[PDB]
Amino acid sequence: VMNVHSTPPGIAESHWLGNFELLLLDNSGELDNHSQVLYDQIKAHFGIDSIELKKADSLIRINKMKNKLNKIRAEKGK
Amino acid sequence: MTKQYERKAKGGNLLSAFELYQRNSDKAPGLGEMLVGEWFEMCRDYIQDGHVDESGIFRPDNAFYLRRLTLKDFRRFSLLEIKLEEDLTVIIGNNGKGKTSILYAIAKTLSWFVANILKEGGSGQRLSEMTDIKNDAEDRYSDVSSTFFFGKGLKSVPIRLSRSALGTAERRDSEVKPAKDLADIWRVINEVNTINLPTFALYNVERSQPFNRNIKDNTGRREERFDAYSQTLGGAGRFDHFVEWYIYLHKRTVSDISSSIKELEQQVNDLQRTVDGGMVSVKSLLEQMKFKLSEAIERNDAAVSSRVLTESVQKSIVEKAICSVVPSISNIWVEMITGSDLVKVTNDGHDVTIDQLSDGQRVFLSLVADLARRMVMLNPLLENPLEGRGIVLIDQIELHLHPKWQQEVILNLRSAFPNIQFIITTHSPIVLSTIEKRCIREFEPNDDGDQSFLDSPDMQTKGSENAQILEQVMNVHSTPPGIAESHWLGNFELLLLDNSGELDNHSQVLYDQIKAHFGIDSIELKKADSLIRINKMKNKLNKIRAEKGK
Amino acid sequence: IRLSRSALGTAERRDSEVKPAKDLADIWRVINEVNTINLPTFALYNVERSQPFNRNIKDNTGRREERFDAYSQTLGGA
Ligand SMILES: Nc1ncnc2c1ncn2[C@@H]1O[C@H](COP(=O)(O)OP(=O)(O)O)[C@@H](O)[C@H]1O
C-alpha cells in the first residue's frame, strides 16, 4: 500500500542475508572462507536470537541437504 | 602559585591554563607578553586543534558532548540516569513516559552555556516551580545533573539545576559554575581571537507553525555573529530569521563590496575636486556620504580580519546543506517578484515558493536551514562550517514525515552534520531500523517512574525488518488486536492443530472467509496453504512410521 | 457548491456558485428558529493544532454556553 521497503535499503547490513545466499550458491550450497566470514559478520551484528541468523542457518542446513541429495543422485545417474 | 599551574597546564589542562591566562592578563605588559601569549595560544589551540580524517571530514581533537544526565524527582521520574552516546542517542517509549522531559531538562542545562557564552556572567533558564516538581514527592524539590565532556583536559564539567516547590521551607541552589567557567573561556578566547563556537539547539514539536510570508526588513541584527544564540533553545528554530539572513546574503552576493567602495571613492574624488576652489556648501550637507564612506570601511574590516566566510560561500554552503537533506528540495534561490524579494524552492521539478510547501517538507526544511545557518555563523574558521561542535535536541524527528522519508532522515542529518551530538526521540520503527542498537534508550512499557536506568534494546534494530522492530522493541503486534479479521489465521492454525490435519467443516468455513476477505493471492491465504501442506506432509510421515512397524 | 478564485492581476474574475449551500443552511436555520432541531457539526483539525495550552483565556469574548458558539473557529484547524 505504502510502497516502502520493510527493511531499509540505505543500510549496508540489510543486504547481508541476500549477499550470503549468493555466496553459498556461488559455491555449491557449501560454506567456505568468505561465506563463513559473512556468517560471522551476521552473527556479530544481528545476534543469536535474531531472525536473520535463524534464516542464515536454515539456508546453510538446507543447502547442505540439497547437495547430499544431489550427491545420491549424480552417483546413480552416470 | 604558578609553579604547579604551569606544570599542570603543560600536561594538557586548559582550566589551569585559563586561570594562568586570566591572572596574567592584568599584570604588567611588554616584558610579560610572551608568558601570557603562551597560555593564550595553547588555550586557543586546545579549542582549535583538529585534523581531517580519511573520509575528508574535519574532526576536532577535543570533542564536546554531554555524557551523563540524572533527573531526581524531576516530573514523573523519581531517580533516572542516562548515559548518552557521543554521536547519536535516541529515546523511545510510549506516550507520557518521559522523552520530552529529558530533552527539556537538557535544554534548560544548555541554556546556561548559551547565556554565559553570550554575555559576561549571564544566567540561563531554570526549572519551573509549578510543573517541573514531581507530584506526591515527599522531598518537594527536584534537580537535574549533567556531566559534559570537553576533551582530555576537561573530562567532566558538572552542572546541577535545582528547584524547590512552594513553602518547601528551604531553597535548593543550582550549582552551575563549571558551565560558567567553560563558557567564560569560550567567550574571552573568542573576544581576543575569533574561534569556532558550539551550537546548542532544541527543536520541539512546536515547530509546525504555518510560516509568515511577510519578512521584517533587515534592521541589521540577523548577520551579527551572536544571533545564532537568539531563541536557539526555545522550541522552533527562527525560520523567519533564516529567510531574512538568506535574502541578505543573496543581496550581498549580487551587489558585493568590490563595486560599492570604488564608486564611493570616485564620488569623493569628484566632489573634492569640484569643491577645490571653495563654496563648500555642496560638501557640508554632502558630508553625510563622505562619513558613510568611512562607515562602510567600518563593519568591513571585521569581515576580513575575523576570517569570516564570504557571503557567496555561506549561501552555497547553506544551499548544499538544504538540498542534500530534504529529499524533495532540488534547488533554493531568491527571486525578485514585484520588487519584493522572496525565496523559491524546487519540489520535484516544480518551482513553488516557501509558503506553498507542505507541513512535512516545510518543517524539515526549517529545521535543516536553521541548523545550517547557526553552524555557518558560529563556525567561520572551518572549510566546512557544518563539521562543527554542538548538541542538538530533536523531539519526534519523524514528525510530518512519510515512511519513505523516515528511512533516510538519520543518514542525511548525520552526513550533513558529522560532529554534532544528536539527541532525538522517535515514535517509529522505520527510523529505528536505520539506527544502531547501542544508540537507543528505551522506556519499559511497565514503568511507573521508579526505574533508574534507560537501557538499550536487546535486538539489533539496525538493518532489521519493520515487523521485528515493531514487535520486539516497540512491543506492538503486527496485526491490530482490535480487528476480528486479524485473528483468523491463528484460529485456522488452532483448528488445523486440534484436528488430524484434514480440512473439516469449521476449517473449511474459516478458509473460505479468509479467502473472501483478504483475497485469492494474499499472504494470509498463502500461509494457510503452507500450513495445510505441511500438516499433510506431517501426517504422511506419521503414516509411514506406523506402517514401518508397530 | 463551487468555490472559485482567479489569480492575482487577472482582468477576468471567476465567481463562486454557493447558492445551494446557502439554501440548505437557510432551511436548517429557519426550521431551528421555529422549533429546535439537531444541527450538523463541521470541524477541521489541521496540523495547526498541537500548540502549547496555558489557561490564559479569561475575558475571551463570546459566551461558551450559547448554543451557536459550537460553530466558532470550528474550521480554523486548531
Ligand atoms: N509534575 C509532575 N508530576 C508527576 N507526573 C508528571 C508531572 N509532569 C508531568 N508528568 C507526567 O509525565 C509525563 C510527561 O509526558 P512527556 O514527558 O511529554 O512524555 P512523552 O514525550 O513520552 O509523550 C505525562 O505522563 C505526565 O502525566
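Every heavy atom of this structure was used, including side-chain atoms; hydrogens, water molecules and symmetry mates were not. Lettering follows sequence order; numbering is per chain, from 1. Order of appearance sets the numbers: ligands from 1, and atoms from 1 within every ligand.
Side chain of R441(B) to backbone of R438(B): a donor-acceptor contact under 3.5 angstrom is found. Although no hydrogens or angles enter the test, the distance criterion places no donor-acceptor pair under 3.5 Å between the side chain of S6(A) and the main chain of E465(B). Between the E48(C) side chain and the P210(B) main chain, no donor and acceptor come within less than 3.5 Å of each other. Under a 3.5 Å cut-off, the side chain of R160(B) and the backbone N or O of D173(B) do form a donor-acceptor pair.
Proximity to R75(B) (heavy-atom distance under 4.0 Å) selects the following atoms of ligand 1: 8 (N). Taking a cut-off of under 4.0 Å to the non-hydrogen atoms of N94(B), the atoms of ligand 1 that pass are 22 (O). The distance from ligand 1 to the heavy atoms of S101(B) drops below 4.0 Å at these ligand atoms: 17 (O).
The two residues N475(B) and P445(B) come nearest to each other via the heavy atoms OD1-CG, 3.6 Å.
Using a non-hydrogen distance threshold of 4.0 Å, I133(B) registers as a contact of ligand 1. No heavy atom of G93(B) sits closer than 4.0 Å to any atom of ligand 1. Assignment of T425(B) to the shell around ligand 1 is not supported, since no heavy atom sits closer than 4.0 Å.
Between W186(B) and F150(B), the angle of the ring planes goes over 60°, which puts this pair in the perpendicular group of the 30/60° scheme. Ring pair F113(B)/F200(B) is tilted by interplanar angle, where 30° to 60° counts as tilted.
Here the protein heavy atom with the shortest distance to atom 15 (O) of ligand 1 is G96(B) CA, 3.7 Å. Nearest protein neighbour of atom 16 (P) of ligand 1, counting heavy atoms only, is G98(B) O, 3.2 Å. At the shortest separation from atom 12 (O) of ligand 1 among protein heavy atoms lies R76(B) CD, 3.4 Å. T100(B) CB, 3.4 Å is the protein heavy atom nearest to atom 18 (O) of ligand 1.
Residue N135(B) has at least one nitrogen or oxygen atom sitting less than 3.5 Å from a nitrogen or oxygen atom of ligand 1, judged on distance alone. Looking at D132(B) next to ligand 1, no N or O pair under 3.5 Å apart turns up.
Taking a distance limit of 4.0 Å, we find that atom 22 (O) of ligand 1 is approached by some protein heavy atom. Atom 26 (C) of ligand 1 is not flagged as protein-proximal [any protein heavy atom, distance under 4.0 Å].
The distance between the ring centers of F242(B) and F239(B) falls below 6.0 angstrom.
For the pair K437(B)/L432(B), no side-chain contact is recorded, criterion being any heavy-atom separation below 4.5 Å from C-beta on.
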